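Read through the structure below, which is laid out as structure tokens, and then see the notes.
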Amino acid sequence: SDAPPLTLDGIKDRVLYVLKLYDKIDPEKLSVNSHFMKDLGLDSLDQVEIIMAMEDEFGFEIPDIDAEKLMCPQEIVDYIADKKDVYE
Amino acid sequence: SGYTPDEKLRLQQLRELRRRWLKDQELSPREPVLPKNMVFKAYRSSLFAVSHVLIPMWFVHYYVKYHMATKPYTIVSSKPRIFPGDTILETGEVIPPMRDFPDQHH
Amino acid sequence: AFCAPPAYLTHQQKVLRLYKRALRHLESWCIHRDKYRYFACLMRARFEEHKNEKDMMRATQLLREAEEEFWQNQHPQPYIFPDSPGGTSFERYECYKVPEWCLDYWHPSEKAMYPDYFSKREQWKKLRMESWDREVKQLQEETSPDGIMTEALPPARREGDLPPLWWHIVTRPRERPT
Amino acid sequence: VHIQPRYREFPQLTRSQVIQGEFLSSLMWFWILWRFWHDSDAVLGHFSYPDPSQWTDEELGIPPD
Amino acid sequence: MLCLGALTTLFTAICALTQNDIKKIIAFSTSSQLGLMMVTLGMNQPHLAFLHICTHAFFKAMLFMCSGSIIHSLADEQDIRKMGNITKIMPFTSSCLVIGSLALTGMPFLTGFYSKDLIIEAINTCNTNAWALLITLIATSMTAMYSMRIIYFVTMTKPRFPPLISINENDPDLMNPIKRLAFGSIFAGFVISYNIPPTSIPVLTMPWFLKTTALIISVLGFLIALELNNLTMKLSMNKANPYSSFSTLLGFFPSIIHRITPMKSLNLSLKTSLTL
Amino acid sequence: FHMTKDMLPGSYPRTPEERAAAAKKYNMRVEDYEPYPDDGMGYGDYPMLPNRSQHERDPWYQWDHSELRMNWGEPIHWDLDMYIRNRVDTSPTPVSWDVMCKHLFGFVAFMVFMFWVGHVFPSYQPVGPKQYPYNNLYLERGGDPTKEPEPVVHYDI
Amino acid sequence: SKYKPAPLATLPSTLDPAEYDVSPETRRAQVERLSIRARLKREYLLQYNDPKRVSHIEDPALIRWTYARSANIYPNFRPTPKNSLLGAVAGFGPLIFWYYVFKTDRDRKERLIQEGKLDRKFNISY
Amino acid sequence: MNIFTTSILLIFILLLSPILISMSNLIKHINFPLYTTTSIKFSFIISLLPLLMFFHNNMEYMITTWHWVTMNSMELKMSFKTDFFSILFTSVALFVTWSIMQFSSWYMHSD
Amino acid sequence: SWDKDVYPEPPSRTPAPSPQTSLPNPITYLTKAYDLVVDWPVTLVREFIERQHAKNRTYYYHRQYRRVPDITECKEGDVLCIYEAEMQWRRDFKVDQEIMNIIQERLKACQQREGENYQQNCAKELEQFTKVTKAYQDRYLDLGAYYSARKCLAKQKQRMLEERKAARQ
Amino acid sequence: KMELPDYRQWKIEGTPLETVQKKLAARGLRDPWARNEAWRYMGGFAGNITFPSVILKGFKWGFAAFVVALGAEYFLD
Amino acid sequence: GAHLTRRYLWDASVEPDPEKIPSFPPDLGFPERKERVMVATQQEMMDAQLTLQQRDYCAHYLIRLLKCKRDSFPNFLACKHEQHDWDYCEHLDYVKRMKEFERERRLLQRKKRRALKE
Amino acid sequence: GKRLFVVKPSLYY
Ligand SMILES: CCCCCCCCCCCCCCCCCC(=O)OC[C@H](COP(=O)(O)OCCN)OC(=O)CCCCCCCCCCCCCCCCC
């Protein structure tokens, strides 16, 4: 009934939704493979803010070391799918 | 910093195998292979009331009247309230009334 | 969780951890979203003000003073996500996370209740049989002669090969098993 | 019973839940108003607490001096 | 008995003022009302204590059922800092929670009026400890304040939960027990108290400030906690004080006792008994 | 099994070679290893692990003993059964231990003192005693009917 | 405005001063500790993920802990005056204390019965 | 005198009945939470009957249903002191528990 | 089966119903339904059972023991009459235990019957209980786990000697 | 599948977030997550909830039923 | 109450304590004091099964209220009239207790006035 | 649909 299951496409759409809502990331240059420093031009504090935004949306905590490892939205989406057992 | 290439490749391969394992965790449509309603007031509640209540009520009433009242002090109850102007059913005497109630200000 | 901790935390990692913990305790204090956004922007401004330090001993002293201030002004009950440690739903389903080796002990009737899933289970077991010796050989080959080694593990280095010690990671129970 | 989840918008409220909730709150308020009208002994009581200082010495039975 | 009950209802209300988990808040509400019963048993009023037993049973059953529906609709999320707009998004649960909070605080002619108000008049009118009386009244005011804290931080303000809406309270198995407990929490105290055989003669000839004491302190607590919640809404950080640290950290009794007594017990056991 | 005496715990180490052998037995570094002082309490060469409970251990790590928050092969504290997560906690607190002790003791002492103050200064209503009839309900409370009680007299006012 | 650590409320690993003034020998100590931890983890992971394993995994640390807590105590015990006094008080002082408590109570009760001042109104199931 | 004791022990029998159904190996064919919820609501109705009787006549009851053991001059017997407190708390607790088990059937789904 | 000589019960005095209101009594309605549905089949089953009992009726007797010589007229060391007197004493001890149980049930029945008037109307039951517990404390108290006729006789002799010494002055 | 609303509909204007943004702009600061937090102050959530509006829920129909009950009682006697 | 402040702040000599009330003979100031009369008596209180706490000087009103409840058990909202009668009797009893307190307090003040006169 | 296998111990014995 309640708690509908997640999907890879839905997780990707939500992550890109938050990144588009972020003011420092212009939506026209944002892609799923866009790196936070290489072509997005952010820094470590911005990365921590992005991780906390994903954390606040998805209602669970990414630990600090894995969070520092996540660096593009594709890795963020892969981490969300791996953590919540989303396979399709 | 970011992912080193070795751990990145390891997580990609491990996650792909996790996708395969979770897909294999699915159930085929034939699994598991296993080897008079009326209305709720007339059959759902009535049968329950006449089966799981009526027979137990019979058994408890039998045990109470024929195995507790046959014994002296199993069922002991307090004296009922007796008021002035009342008539005793067992004895037949009427209780005399009260006095004249001098205070009737309220 | 999916990455092993290093020998030590660097200064940059400690600064990021302090920043995240400070903002989490700030949201615990502020509750309301606009109030938290205002004071989190103030905290980010403070961190950006102390960002460009070159001496690095003054930076370590500033980090020590900042975390001392954090311990003085931390919330007695900070907000914890339910799945986080110390939360409400943490380890709630470990009683339901049954390990997969009990299906080896299942009765043949219970195995016959799920034929296709069990057939896939021996296919996975046969794959594990075939891959174990190769991944042990890979682990023995890639071990450095020096005493230095971390808890990280190598990936598969060629086609038709699996990452070493993949079974306990791939076949772990689901966080929502039922 | 099952409804479509919403991402960031206000959820589509069903008629039954809002009708029955306002019915329960209205029943509570009607009960409070009815009982307050019928027996307003929540305030002041109805016995009018006396003032002991206004009582007189001859009914209190103290000898005069 | 009177002193212990007054102390425990004061302490549990103090703890309830600053908790964030809604279940912990209404649990300390349960313990504070138990302290009120314990005060009532410190008086020679046992039947009032049993009437409050039934009354409290109704209230906490409905309040806890409402809180559980809130948690299930918000996907196992428990503290009030990630809630809000519950009046608009869950109207039935909001209405029943408001009924429970008002009747727990002692809104007149509800189920709680026929026990809590009589307890307040009994403690105001019979010979008791003065400090126990004062902290009982202050505990009632705090009951009003944490009920206001529940009402504000859950049913009011802006949403703070994660965005994905998974609220579905349209289940009859959810609605109907709350309906029955709402009928209880509205009418059961009245029906029961008018069906009680007359015992433990209350006193009714009593001054107006003593008679309306419970209602006055409940209204005062509601107003004080409302303006405090508006001050929390106000855009200013303040340095925490040891009073709020004491209230939020459970009075330090769990940490201090649960660390010093098991450590001494097990240390004595292993170091002396077995080993030595 | 294959546990032999050189891998089982032994006596208190005296020589640095014995200390190094004990450190290799317990899978510790030599200067990290530290036995209990030779006070004759049966400790011997077992290391003095720091008095930290299992709550301080990192909960985001996949420990080999997940409930115990310990890895495989690492030395086990002498008081592990006291320091398990179902038992005594030594975690840092938001306010200091002495502050907690003084605050709790001061609150308890203040409550006891004010309860004594309220007991020596009771609060009541400006009323007399309750009037009870028939020699203060002598027969009702169970006085002897053969002897006559002292007449308890009440008057109107 | 300083946190005071306790045995039951220890100093945090971020409030302690030992990790702000770091040293190369402490860094290499952490490196070697991680090396031993990684070696033990690799050995345990190999034994855990071994498919030919048909039993559980024995823990030598647990075996050593049980032996130290159970069988090593009397070989490694030496009598000192401190533990002699501690054993004497912990094995006798409660016994003499409760002896005096029970002896005083029983003598008082016995005397009260002998001159009859103690009343057993309905005490028949002693 | 008979209907009162029969109602009280029928409350107890209706409480013990789902336990025997649970250990009687037929749970897999019936709806056990719904069955138990109906059992509690029926226990509430047969608990409402002595509530009405006590509200009418204020009869105070003692029931010695089973003599367990006699031990020199002390008889341990399983007995019920059917009080005002006992009757009213029985009715209130059964009503509350009926609500809680319906809420449990809703809430402990997918368990 | 029980008798009011050993289980006394005062006659019930219930008042006649005087319903001032016009509403029907649900207790009376449910009671009439309760008899008509439950009491009639139960008493029919019990009547069938009772006539089966009358068809197969058997009798049993209550055993009685004659009085063996008491331990006072009984020589020490001669374990035959020692044994006979000791088992007679044990039998009387068990009988006194059940007498105590009877008196305690009488007191409990009085308290439950009187209710709020138990402090006045249970004076006779409380007096009987007090007298019988004084007698029981005089005869059987403080004997120990190895209570016996010899120990009871020694305690009685000590009590008689104390009473005789106190009766001199 | 589930379709998300257009992110471009989430605007800053007319909000406590607008007040916060002006307060930060007084100090020369920029808040970039305000558009992410803008969904809680728009649409069906865009409304001030008031404590008498919470307590007096259903009070209108309760008072209507109360006056109908009084009228019925008066017509009865 | 202001009586507590008067006792605990100004003086305790004239402000009395609740246990030794009355501390003066009942005939002092009353030339002829009537005995307090009751309607209800012991046999009817025992028959009505009143608790020992409620066998006070309003036992007749309590008996009438209990009789009404026992008769009209259905529609329990029946006899608020003699519920109010019993409550008014208890109010009169509480007023008499207040009169006893005030009389003994004024007698304490009169005793202090006599002492300062002497 | 989309139902998944539930891993359970051997309750057969
Ligand atoms: C005005 C008048 C005021 C009067 C005030 C009077 C106050 C009296 C207080 C009496 C009771 C004091 C002792 C209470 C001990 C409770 C210990 C306990 O259960 O602690 C729980 C604790 C862990 O729980 P916690 O820390 O709360 O939560 C962790 C969650 N992650 O730890 C554990 O779970 C450890 C597991 C148990 C370990 C063994 C414990 C054995 C205890 C034996 C005690 C023997 C003596 C008892 C004396 C009682 C006297 C009343």
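Numbering starts at 1 and runs along the chain as it is shown here.
Recorded method is electron microscopy, 3.0 Å.
Just so it is clear, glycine is given a Cβ too, placed from its N, Cα and C backbone atoms.
According to Swiss-Prot, the features are:
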LIPID     K:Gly1  N-myristoyl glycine
DOMAIN    K:55-97  domain 'CHCH'
MOTIF     K:58-68  motif 'Cx9C motif 1'
DISULFID  K:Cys58-K:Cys89  disulfide bond
DISULFID  K:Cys68-K:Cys79  disulfide bond
MOTIF     K:79-89  motif 'Cx9C motif 2'
Site with most surrounding Cβ atoms, counting all protein chains shown within 10 Å, from the disulfide-bonded residues K:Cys58, K:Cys68, K:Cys79, K:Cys89: K:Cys58
Three-class DSSP secondary structure - K:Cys79 (disulfide bond): coil
Cβ neighbour count (within 10 Å, all chains shown) around K:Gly1 (N-myristoyl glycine): 14
Spatially closest candidate among K:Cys58, K:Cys68, K:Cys79, K:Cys89, the listed disulfide-bonded residues, to the residue listed as 'N-myristoyl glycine' (Cα to Cα): K:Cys89
Cα separation, K:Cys89 (disulfide bond) to K:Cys79 (disulfide bond) (Å, whole number): 16
